[PDB]
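What follows is the residue order along each chain.
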Amino acid sequence: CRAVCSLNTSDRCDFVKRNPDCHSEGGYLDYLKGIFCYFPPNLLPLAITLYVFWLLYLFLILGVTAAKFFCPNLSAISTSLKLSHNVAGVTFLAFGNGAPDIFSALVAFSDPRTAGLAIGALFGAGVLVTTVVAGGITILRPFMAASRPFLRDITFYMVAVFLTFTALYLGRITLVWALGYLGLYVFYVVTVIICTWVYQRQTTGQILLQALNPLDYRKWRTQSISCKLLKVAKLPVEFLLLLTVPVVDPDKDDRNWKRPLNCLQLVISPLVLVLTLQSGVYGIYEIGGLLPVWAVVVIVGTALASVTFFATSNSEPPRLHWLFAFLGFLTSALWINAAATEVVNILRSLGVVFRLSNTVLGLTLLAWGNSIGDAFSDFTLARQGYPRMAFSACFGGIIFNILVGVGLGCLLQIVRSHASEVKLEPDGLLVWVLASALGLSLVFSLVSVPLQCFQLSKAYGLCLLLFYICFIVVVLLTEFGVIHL
Amino acid sequence: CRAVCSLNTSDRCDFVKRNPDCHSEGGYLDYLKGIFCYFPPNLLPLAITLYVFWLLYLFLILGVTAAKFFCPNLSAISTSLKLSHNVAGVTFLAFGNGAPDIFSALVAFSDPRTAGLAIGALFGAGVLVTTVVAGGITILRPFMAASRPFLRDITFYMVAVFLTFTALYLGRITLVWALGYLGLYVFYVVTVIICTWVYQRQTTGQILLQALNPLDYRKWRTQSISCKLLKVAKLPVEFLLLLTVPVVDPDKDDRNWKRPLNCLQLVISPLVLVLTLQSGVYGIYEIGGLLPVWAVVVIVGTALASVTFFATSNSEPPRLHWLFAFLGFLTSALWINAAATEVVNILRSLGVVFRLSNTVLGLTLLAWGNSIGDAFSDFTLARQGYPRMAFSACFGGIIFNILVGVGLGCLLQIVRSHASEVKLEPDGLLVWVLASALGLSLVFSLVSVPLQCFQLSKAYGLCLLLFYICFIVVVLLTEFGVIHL
Amino acid sequence: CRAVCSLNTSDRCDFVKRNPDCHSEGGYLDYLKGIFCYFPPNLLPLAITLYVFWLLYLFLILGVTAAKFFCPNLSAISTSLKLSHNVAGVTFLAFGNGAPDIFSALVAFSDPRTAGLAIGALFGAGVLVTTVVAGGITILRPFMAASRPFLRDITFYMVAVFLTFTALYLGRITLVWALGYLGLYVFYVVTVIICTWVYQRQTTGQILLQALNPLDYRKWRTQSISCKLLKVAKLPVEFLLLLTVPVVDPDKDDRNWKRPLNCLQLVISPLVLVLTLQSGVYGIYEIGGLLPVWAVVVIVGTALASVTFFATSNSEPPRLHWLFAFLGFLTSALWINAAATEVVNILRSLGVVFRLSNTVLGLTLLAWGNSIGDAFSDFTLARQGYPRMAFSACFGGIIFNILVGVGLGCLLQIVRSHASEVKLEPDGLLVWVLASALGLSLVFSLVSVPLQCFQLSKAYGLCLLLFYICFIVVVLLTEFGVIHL
């Protein structure tokens, strides 16, 4: 595929249409076809810009679904769990800030050609969240960090980073390695729980229309008009997400019980699940050569919706209300998956056009897109007067991200392909530099925080920011071939 | 010329005397001839050291003429123009920058062989003043920086830097590009004015001999004798300036009216103007084969001086006193020009001897020499209790420097040579690194200042200083060929 | 020697017994012999983990000796003589921290092949001390440094470093150079003394058992389990130190006067000195083959002790009590040095275990082990409340090592080998990289500290720490072939 830019403009469409390598196995849109066939060559740059804009919008979706629905379903599950809030919070951070990272890594690992992207998505994020975002917190609100939790988190992160480093050096990932990764993560969770325990011991239709609306005019008037316009674009996407994903909030006395809305959703959610799973391949499968799956799915869904609507009341939620959250969980995750897939495809297309390495795309665009949610949530938490929790999560979430993403992606690739091993092909020297940078950053913290007696100030954040700038300098020099063995 | 160091010592004088390329088109002294003919080879190092000392002294002149006479004439013009003082002060700061940076850039661009020097003079200064000098202010007096002016200045500087970056990548400068540069600068000035308006709305001979002396005995008495000896060397240069350049001070009730001194100056200033313009080429031109220009110039000057002396009184300045400032402007600028030329020539000579690239000389010696005045003025302003003005000027002056210098130099080169374009030949990889460094510095500020809520502290200055040290490390490695594609 | 790893386990011990190039001395135990012959051949790791624990125990010993005996004795010495902090740091702490470095430099200059390794180790130790030790000193306790002594010391250090640079560039050192180094150091000491003088002008049994008891039962009762275990671990070495090293503390009314214990120490400490210095070569030496040195030593010590012994009462401490502190200093310094050597022994075994470039091993392994004592002493002194003295020592001691070690090594090599010169072989570009790093650190300090108004804050140390970490990462990347110079 990469030779496409070296051919005449009159043969680009034929080469793209004829080469199997130039076709993506998953997704709804063929971006390369749009670049090289739908648009004239003279408008080639603008189109790319448009793609970037589209890419950014995707990440916005990956934010909202992660924060308002995945987390709400997780919170309802947590209330059923009655888990300790600190234990729930460690689970929540992976559920909230790191879910897009896991789904992007899984989608990238699903195809060997994008495998180099996946690691580039992870380590680069580890470089960013550790250096910029964490540093930003120390700039916004100086505070005193807890000693023992910080030491535990940094030690576990160092162990995970070294394990992935030696795995990359070995050039392969086996099934037992992924199982060990998952075991290490569950060990970390159990250790956190045990340490915390030890430390502690020592009209109705009009109301439905208002619920349907994602925005309030008085709230919009309060909101800055430019902010409101950005919110309005988000609201249409949010309304579409609401039109399909149920949310269960244990903090509400009514548990967000909307009888006719949820009765419609018992039909809507199975339909979108079937039509979106595996890009809808299961959707058009025709049973016995007569009836498609989607028709019988819709029939069963409307029958169940009618039964539930006639079997329940608008005043008292049904005893099986919690099961809704389970559905509100699954579809939500699936939605994120779909979005993740699109992003990966777009990046691959760019790699074809600009002849860029997969690692550069993984550590620059995908990392920023996946960490924008981390940045927003952490800055909001720090500004509101809780810097300790934000800083603790800034290291807690990255360990969960790396371990769960790598382990789950490798496990699913082993199971699906019936292969005994995932081959990691290191894209030249650059990848090593990336790993090196990450380790260095940790060393700085491992010396900087204890030397200040755990009282974090502004200079620490400024130094971390300058470190990230130097890292991007080194990466930019390495990419353009200025330094080369 | 560069092969001179590869020849036998017995042929160096002949090669220098015979090669047209080894001769400079402008200046009063042939430095290469002095290095290779006047002095014996065994004293080659000492001579170079002497040159460096001489070079430093030139920059001292470039300081004084910029601060005491160019600015004073501008201040009188500003009172006549009745322009707002803050706008006038930015113009005065630009005039001070122009004497030290615009004139050097113009002289460098006047000759293609030194063209690479000019850009090296600009970007390097942008690296220095932004990193060291600005940082120094934050070390001397922590303060709170204004938000909107800082954002406006940094945005305009980023736009100018990116424009010059793409111009360098294109490898050429056209006439329309220089006109666009000048239009952008005038747009920036108009925008500053409009924003400020919107924000605000929302014996007599013995006395003449005393005036002739440049040092106040009382002030000098307090000053250290070694400092006074340095001041005395400056005072002789100041006396030469007082001797030839008139100064009009609107703050003085008498407007610095010295009737016989100025009557002598009406003869002195035209003579030095004619004898110095274009290295005096117009001076020896002989009219009609009988009379040189300088003789008739002196005759007209003494006639006008006698008329003015007999037509005015020592108590009341004449109605046309302001016109004096105009003269006191022009000659002053011309004086700076002469000094600038010398400096450039010296640097070129060194490039011949040490086989050094033009960019290294531009970003190391010329940048420091041109920015010593910025450093002194900004540190003096910060120490006196006005850090906000100094920090604002630290970014305001650089935009004016880059835009006006590049635009005016390119425009004058197009007009003089009747060529349609100025060719920018990038001296290898190093120049790119220089540009990169500048951009990165801005990014740091663009993240560092807002993250601190515009309250600048000591750590910011220390980090900027360390950044400049790292930049000089990279430049030193690049020059000596340690890193090479 | 590394070939013993690939050789059969049965003959490994015999190969070690008859293999050279693995028999470094200066220690007391053959670690490789213990690993490969004693402990069960099939328990390789068992010895390993134990050794790791042993290493940790060593870091405990250096933690105690510096905290309880070295620094209080040195402070008592400084207070008794009314010396300024700068003078004490320049002379006494400098000698105590620089003796092992000088011994290593001599033992390395004994072989002409290892001259480059020795000079590189000296440069690396200088870089580490001037950056990381100073950074920790400034971070742990902010303070205001003396301006004139700091400028003087940094100027002398820069002169010495540039002289070493020139000597390395010439690739040879003659008798004149070594004599000049010695004369320069003597002149530095004389200048220190002269300037300081000019500025100044302008029953017994129960008390013996109680003094030897390191456990305070009242304090013992209230500690936690971990603290109690740590105290139990520290008890034996603390008791041995109490028995060996006298201590004088002017903060107590009795000045820690233990008359019988001090009388016994008057015999114990000199015996330890003679039996330990140069691994007991002087101890085994016989005076005329009839009387060994140790016998005369113990006889004289017992006679002097009985002078003190004749008056049983402790009561009032003698006017010469502060002289004991001098002894309590010297022996204490020895208790540091030996420990540091043992730390290296394990590193040398690690160097034997994993192949490393000899220069690369020398630059980091031979400098961290050499400067671990300096780092411990400086950090302890900074914690106790004397930052000025440690900060001044941070440059005085390094001047001491460079000047005295280089001069003495060159002089001894010239005298012993009867050669007219000592040839320095530059091993690769890593030596020049080390030199450039040292120069950059010195320039950064000289530019930053005066610009900071001599108020050394935490940002200076943090920035230095970042610089050192980045430099170490760059060096490690260069050695492994990632970056080709």
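Thresholds applied
Residues numbered from 1 in each chain as written, not as in the entry; some residues may be left out. Chains lettered and ligands numbered in written order. Heavy atoms only, no water. Residues with missing side-chain atoms left out of burial classes, pairs and counts. Helix = DSSP H or I, 4+ residues; strand = E, 2+ residues; numbered from the N terminus. Rg over C-alpha atoms; globule rule 2.2 N^0.38 Å. Domains from an automatic or database assignment. Axes fitted to C-alpha atoms, helices over the stretch in contact; angles between N-to-C directions. Parallel < 35°, antiparallel > 145°, perpendicular 65-115°, else oblique. Left-handed = near helix turned anticlockwise from the far one by under 90°. Contact = heavy atoms within 4.5 Å. Nonpolar A, V, L, I, M, F, W, Y, C, P; charged D, E, K, R; others polar.

cryo-EM is the method the PDB entry lists for this structure, together with a resolution of 4.29 Å.

Undergrad: Even after reading the chapter, I still don't get the overall build of chain A, so can you show me in this structure?
TA: Regarding its fold elements, chain A presents 19 helices and 6 strands. The C-alpha radius of gyration of chain A comes to 24 Å, within 12% of the 23 Å expected for a compact globule of 485 residues. For chain A, the spread of C-alpha atoms along the three principal axes comes to 75 × 70 × 50 Å.

Undergrad: How do you make sense of the domain arrangement of chain A when you look at a structure like this?
TA: Size of an interface: often given as the accessible area lost when the parts come together. Taken domain by domain, chain A comprises domain 1 (1–38), domain 2 (45–202 + 322–479) and domain 3 (258–316). Here domain 1 of chain A and domain 2 of chain A have C-alpha centroids that lie 32 Å from each other.

Undergrad: For this particular structure, what's the right way to read the packing of helix α6 (residues 115–140) of chain C against helix α16 (residues 358–384) of chain C?
TA: A pair of packed helices is characterised by two quantities: the angle between their axes and the separation of those axes. All names here are of chain C. Relative orientation of the contacting elements α6 and α16 amounts to 30°, with a least axis distance of 8 Å. Classified by the angle their axes make, α6 and α16 are roughly parallel. Of the two elements, α6 crosses α16, and the hand of that crossing is right-handed. In this structure, α6 contributes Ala-121, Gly-124, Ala-125 and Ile-137 to the contact, and α16 contributes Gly-362, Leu-363, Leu-366, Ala-367 and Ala-382. Taken together, the residues that form the contact of α6 with α16 break down as 7 nonpolar, 2 polar and no charged.

Undergrad: Would you take a moment to explain the packing of helix α4 (residues 44–80) of chain C against helix α15 (residues 321–353) of chain C for this structure?
TA: Residues and elements named next belong to chain C. As a packed pair, α4 and α15 sit with axes 9 Å apart at the nearest point and diverge in direction by 140°. Of the two possible hands of crossing, α4 and α15 adopt the one that is left-handed. In contact with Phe-69, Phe-70, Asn-73, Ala-76 and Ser-80 of α4, α15 contributes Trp-322, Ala-325, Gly-328, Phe-329 and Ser-332. Classifying every residue of the contact of α4 with α15 by side-chain character gives 6 nonpolar, 4 polar and no charged.

Undergrad: Just to check I follow, could you spell out unusual backbone geometry for this structure?
TA: With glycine set apart, most residues show a phi of negative sign, and most peptide bonds adopt trans. Positive phi, close to 55°, is recorded for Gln-278 of chain A, a residue that is not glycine. The topology assignment puts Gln-278 of chain A in the loop between α12 (259–276) and α13 (281–284). Of note in this structure, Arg-355 of chain B is not a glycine but carries a positive phi near 55°.

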